[PDB]
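Student: Quick one: this structure, given as structure tokens, is what I'll be asking you about.
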Amino acid sequence: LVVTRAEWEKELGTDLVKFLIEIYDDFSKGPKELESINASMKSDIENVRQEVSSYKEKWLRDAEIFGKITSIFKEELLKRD
Amino acid sequence: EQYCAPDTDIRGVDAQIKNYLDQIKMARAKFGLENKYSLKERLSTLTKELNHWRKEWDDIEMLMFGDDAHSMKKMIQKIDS
Amino acid sequence: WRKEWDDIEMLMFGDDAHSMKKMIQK
């Protein structure tokens, strides 16, 4: 639980500083091991972004389905009449 | 290897070791502190993506609901007889 | 016949859910 003294921001990165401003963090794993997973963890985050894009595509397909659902919706509005 | 060098003084080499050990702590700590936290933000994004996937599944269900409705129309033609 | 009427009512409920679904899509 040390103090970064802007140095923490200098190495960890300015943008992250938000949550860790608003230490006592794990260092049990080997830094070489941590560097390797962070390559892979960053890859996993990229995969998650790709998945979010896929979910948006799924939402667009759902919207096409909703436009066919639209004729049924017009019939329903007529029924509510 | 500097400890057993001929003209080397032990004090200086001990000082180098402290700086080295501290540098080890900092790099490993920065990578680990990012890894999990950035990955946790990615996981929250993934939960949003799963909610979007559930919405896509619901659109598929509405389409299959339409198929069920068509089957129901065929059945009505059938309590017509 | 009661089951057929109930199926018609379920279809009306699905149409109702249809409006909520359109709202969510918006």
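In this analysis, Cβ positions are derived from the backbone assuming ideal geometry, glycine residues included, and neighbour counts consider all displayed protein chains. Every number in this text was worked out from the coordinates using simple rules, so none of it is lab data.
Student: Would you mind working out the magnitude of the charge dipole of chain B relative to its Cα centre, with +1 at each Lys and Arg C-beta and -1 at each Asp and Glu C-beta, to the nearest 20 Debye?
Tutor: Here chain B has a charge dipole of around 220 debye.
Student: Taking 0.36 nm per intervening residue step and subtracting the Cα-Cα distance, what contour gain separates B:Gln23 from B:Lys73 on full extension?
Tutor: 10.6 nm
Student: When you count, for each residue, the other Cβ atoms within 10 Å and take the mean per peptide, how do B:4-14, C:11-21 rank with the highest first?
Tutor: Listed from highest to lowest mean packing, they are C:11-21, B:4-14.
Student: Under a point spin-label approximation (7 Å from Cα along Cα-to-Cβ), what is the A:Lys29-B:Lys40 distance to one decimal in nm?
Tutor: Result for the modelled spin labels: 1.5 nm.
Student: OK, next. Where the centroid of each part is defined by its Cα atoms, how far is the stretch A:31-81 from the stretch C:1-16 in Å?
Tutor: The stretch A:31-81 and the stretch C:1-16 have Cα centres separated by 32 Å.
Student: To the nearest 20 Debye, how big is the dipole of the protein assembly as shown about its Cα centre, given +1 on the beta carbon of each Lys and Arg and -1 on that of each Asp and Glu?
Tutor: Rounded to the nearest 20 debye, it is 300 debye.
Student: Calculate the all-directions average of the projected area of chain B's alpha-carbon convex hull, and give it in nm².
Tutor: 8.7 nm²
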